[PDB]
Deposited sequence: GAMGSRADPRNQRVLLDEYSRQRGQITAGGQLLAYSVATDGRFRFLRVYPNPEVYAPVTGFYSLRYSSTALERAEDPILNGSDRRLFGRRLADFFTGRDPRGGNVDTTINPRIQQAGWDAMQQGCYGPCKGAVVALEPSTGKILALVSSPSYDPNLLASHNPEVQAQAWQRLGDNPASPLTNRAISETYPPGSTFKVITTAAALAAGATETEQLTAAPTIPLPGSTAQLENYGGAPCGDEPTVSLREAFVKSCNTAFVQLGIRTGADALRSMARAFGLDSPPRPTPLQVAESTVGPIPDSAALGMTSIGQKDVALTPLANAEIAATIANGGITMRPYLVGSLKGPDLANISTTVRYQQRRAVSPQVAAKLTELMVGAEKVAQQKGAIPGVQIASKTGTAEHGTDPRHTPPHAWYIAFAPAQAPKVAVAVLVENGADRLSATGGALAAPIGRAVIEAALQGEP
């Protein structure tokens, strides 16, 4: 450890701003790692610690940041030959500081006090991760201390915190998607040949086949005041029974297949950070299928996966591979690597994506309007999700402008559902993006 602290570790950057850098000190270990906006960027930087090693981008891009990367070998030779103090390379992220800060701020004020959860912003046409927010977060300056006791105390406080602030909730945790998963049930039906004008039950209640279990609308009220409702109408008003009926009519295999087409049960590519796998679940019976259709049973998504669903629809049906690192530099600022955007797969036809967009623009209009942006059209799906064996989660997925999208977001507020919170958070992130 002594020698690797005698060489100046390189910088983690966002928008030409520093997220992590190293300062020359009088310490036995010469360089101290500094995080100037610590809690906000901790999901992106991770920590770099004498006692506890590294996480996130400190760990992923460790060869570049410490200067040991093969691609940096010439610079290291030239410096030693010339007498120059050596320095590691730089990692330039895809994070937009304005959007990251707006996601964080909105999370710290959006639950009459701080929310627990995650915000992800994506650029639909490129796959760039524009923001990666987790709350509560922690201060990596605490683990950068050269004092063993300060590090050990911080490590212990963090690990005993029931809110688990070390966890990057945007990419490492999976949550039931609830109402947001109607986007997938809808996509599956549209692809199988159903249309927006198709008629579905408006009944307040629906039996689940092969069980005494029963599903209901919110909170026992009929979708319309008519016998049935159109698919568009049930989508925009987020009726449950209609979708239980739609999904079972569509069948398990079509639902599974659309779920995989949208990245579920599909091993995620590193960003370079590892992303937990999302799942539609086994769907072992028809009771399960009705429950899967409205985002429950065994469906579990990372906030990132849910932002990608929105980004895929925004991008005309094509999924761009999400990435966090735009380019790697050497100590001179010479380009070592530039990331090139990659089309992962087509999930749905331009037609189905267009249809889903219309429905989502309708769902946004029906929704609570706090934080709406004048002259900007937003396509969205709000929702709640039940979990465990408890207050439901609050979700918002969206993209904007709906006509030619520049940004897609997912907002998850753990336990945030009322009986509103997620959507204004989403819209502040969008607004910051479109500035």
query = Relative to the deposited sequence numbered from 1, which residue ranges are unmodelled?
reply = 1 to 14, 404 to 407, 438 to 443, 460 to 462
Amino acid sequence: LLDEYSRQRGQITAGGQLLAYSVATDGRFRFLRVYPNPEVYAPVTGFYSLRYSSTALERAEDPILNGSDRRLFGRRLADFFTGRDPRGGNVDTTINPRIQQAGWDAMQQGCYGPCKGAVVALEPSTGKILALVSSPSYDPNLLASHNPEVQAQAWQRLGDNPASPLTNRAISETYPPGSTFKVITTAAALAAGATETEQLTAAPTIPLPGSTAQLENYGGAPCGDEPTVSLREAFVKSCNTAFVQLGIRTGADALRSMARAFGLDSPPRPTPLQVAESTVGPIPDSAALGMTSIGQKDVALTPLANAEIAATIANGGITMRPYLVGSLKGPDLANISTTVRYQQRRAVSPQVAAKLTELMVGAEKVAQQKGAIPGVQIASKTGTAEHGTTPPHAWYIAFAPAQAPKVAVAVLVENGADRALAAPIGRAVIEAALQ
From here on, numbers count along this sequence of modelled residues.
306 to 314 versus 276 to 284 - which carries the larger mean C-alpha B factor in the record = 276 to 284
inquiry  = Tell me which stretch, 368 to 376 or 42 to 50, has the higher mean Cα B-factor listed in the entry.
reply    = 368 to 376
task = Could you tell me which one of 188, 129, 72, 107 shows the highest CA temperature factor in the PDB record?
result = 72
remark   = Per the deposited B-factor column, the C-alpha that peaks among 90, 167, 101, 201 belongs to 201
remark   = Of the three thirds of the chain ranked by Cα temperature factor, residue 345 occupies the highest
query = What third of its chain, lowest, middle or highest, does the C-alpha temperature factor of residue 118 fall into?
reply = lowest
note = Assert third(CA B-factor, residue 358) within chain per record equals middle
ask   = Lowest, middle or highest third: where is residue 182 by Cα B-factor in its chain?
value = lowest
Residue 325 - which third its CA temperature factor falls in, relative to the rest of the chain = lowest
